[PDB]
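These are the residues of each chain, in order.
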Amino acid sequence: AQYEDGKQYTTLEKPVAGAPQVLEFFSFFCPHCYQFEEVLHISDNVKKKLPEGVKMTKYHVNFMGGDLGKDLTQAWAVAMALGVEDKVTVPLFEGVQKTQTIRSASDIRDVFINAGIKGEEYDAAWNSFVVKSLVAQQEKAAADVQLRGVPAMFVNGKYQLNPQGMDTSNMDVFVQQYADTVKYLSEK
């Protein structure tokens, strides 16, 4: 057929109960994730095609970058709690990988301050248990899909996107296939 298990996607041996409908994993340290987000715009292209009543969820991962990697997962939790993901995603990627001016937790915070988030507001969120549980949720989700690498995307806790089974040709043909595959999986 057009969409095939083992080609555009794979099927988790162990489906995840109560998982987000569309779950993306990434790291601000991840060069392919930079490409995915800032050049290919995978998230946005996927969202433009998602059915009504389907939400996209995006989690950060710890295993790249040591202590700064975990700081970034905690800051991503802050971004989720404050609902400012679309203000900090680009300057966090560029700060980590382009300018490489993000080297400490304070440098991360600066990105939020510069983006208009009040210091008191960031710090309260940073130290909150709501953010601790969001960090735990992201870690839990990684365990549940038995995550081995980023970027990655899972649909309805049952299917894993398999970009190596898609075409690499035109980045755009690739992006369209990826987005088309997510939509197909969402309706499966």
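Residues numbered from 1 in each chain as written, not as in the entry; some residues may be left out. Heavy atoms only, no water.

- The name given to the chain in the PDB entry is Thiol:disulfide interchange protein, with Escherichia coli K-12 as the source organism.
- Its official PDB title, as written in the record, is "Group deposition of apo datasets for PANDDA analysis - Crystal Structure of apo EcDsbA after initial refinement (apo_dataset_14)".

### What about the sheet that holds strand β2 (residues 22-26)?
Thinking step 1. Here 5 strands make up an open sheet; going across it, the order is β1-β5-β4-β2-β3 and the pairing mixed. Where the open sheet ends on each side, the last strands, each with one partner, are β1 (9-11) and β3 (56-60). Between one strand and the next, the sheet's axes are offset by a mean angle of 25 degrees, whatever the strand orientation.
Thinking step 2. Against the sheet, helix α3 (residues 66-82) engages β2 and β3, with an angle of about 150 degrees to β3. (Pairing = 2+ DSSP bridges. Helix = DSSP H or I, 4+ residues; strand = E, 2+ residues; numbered from the N terminus. Axes fitted to C-alpha atoms, helices over the stretch in contact; angles between N-to-C directions. Contact = heavy atoms within 4.5 Å.)

### Remarks on the pattern of salt bridges
Thinking step 1. As enumerated under the stated definition, the model contains 8 salt bridges in all.
Thinking step 2. Note that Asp180 is salt-bridged to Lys49, the shortest N-O span being 2.8 Å. Separated by 131 residues along the polypeptide, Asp180 in helix α8 (residues 171-186) and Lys49 in the loop between α2 (42-47) and β3 bring together distant segments of the chain.
Thinking step 3. Look at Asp180 and you get partly exposed, because its relative accessible area is 30%.
Thinking step 4. According to the relative accessible area criterion, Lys49 is partly exposed, its value standing at 22%.
Thinking step 5. Between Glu139 and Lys70 there is a salt bridge, with the nearest N and O atoms lying 3.4 Å from each other. Here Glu139, found in helix α7 (residues 129-144), pairs with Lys70, found in helix α3; they are 69 residues apart in sequence, far enough to count as distant.
Thinking step 6. By relative accessible area, which is 42% here, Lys70 ends up partly exposed. (Salt bridge = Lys/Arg side-chain N within 4 Å of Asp/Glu carboxyl O. Buried < 20%, exposed > 50% of the residue type's maximum accessible area, 1.4 Å probe, protein only.)

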